[PDB]
Every structure is written in C-alpha cells, then in structure tokens.
C-alpha cells in the first residue's frame, strides 16, 4: 500500500 | 477480440468502437464515436485506498476509433 499504490498508479499513466 | 467467441453478432469496425485492450489489462467493450466511456480504474492493485472517488474518462474519436491517450493518472492513494 504505502509503496505499492505508487507503482500501481505509475502503471496507469502508461494507459 | 475481448469477448471472444461469445462476443455476439457481426464483427466489423464501421462507425463503432469495438473491444479494445490496455497495458494494465483494461478491456474496453463495444462503443461508438463521441461516446464518453468512463470507468473506475483498478487502483486496488494490492489493497490501497478506502474510498476511491476517481474515474477513467476514455472517450472515443469522432471518426470511429478510440482516443489517443486515456486519463488514468487521476488515480491516487487514500490521502
């Protein structure tokens, strides 16, 4: 969560 | 082909947007030009956030195709 949401969303900008 | 064999009748581009995939795996179903196709992004990629008030507004082109890029950056933690 604390450091996962970032990578999660970081993969969203690729969309 | 996102729906696969069980997609339905017909199968052509024409003036309608059809099943489209995405990097994260966001499967966008059939649609058409000038159609605001919104959907809540899968932020729960582990177990974060406990409210979720963001959306993914992916509108289709006017010619009959999907838009250039979708606004998925609106997704953020629960702060």
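General remarks:
- Entry remark, the stretch B:49-61: residues being farther than 16 Å from residue B:34 by Cβ and either within 12 Å of another protein chain (Cβ to nearest Cβ) or in contact (Cβ under 8 Å) with a residue 12 or more places away in the chain (or both) number 7 in total.
- Scanning the stretch A:1-11 for residues that are within 7 Å of another protein chain (Cβ to nearest Cβ) and either over 16 Å from residue B:47 (Cα atoms) or outside any loop (DSSP other than H, G, I, E, B) (or both) gives A:4, A:5, A:8, A:9.
- From the list B:40, B:33, the one residue that fits, being under 20 Å from residue A:6 (Cβ atoms), surrounded by fewer than 17 Cβ atoms within 10 Å (Cβ to Cβ) and without any contact (Cβ under 8 Å) to a residue 40 or more places away in the chain, is B:40.
- Number of the exception - residue B:37 against (1) outside any loop (DSSP other than H, G, I, E, B); (2) within 11 Å of another protein chain (Cβ to nearest Cβ): (2)
- Filtered by the rule that a residue be assigned to a loop (DSSP other than H, G, I, E, B), more than 8 Å from chain A (Cβ to nearest Cβ) and in contact (Cβ under 8 Å) with a residue 12 or more places away in the chain, the stretch B:62-79 gives B:62, B:63, B:64, B:65, B:71, B:74, B:78.
- Here the condition is being more than 19 Å from residue B:74 (Cβ to Cβ), in contact (Cβ under 8 Å) with a residue 24 or more places away in the chain and within 10 Å of the chain's Cα centre (by Cα); of B:20, B:26, B:15, it holds for B:20 alone.
Readers should treat all values here as calculations from the given coordinates under stated rules, not as data from a laboratory. Note: ideal-geometry Cβ built from the backbone for every residue, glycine included; neighbour counts use all protein chains shown.
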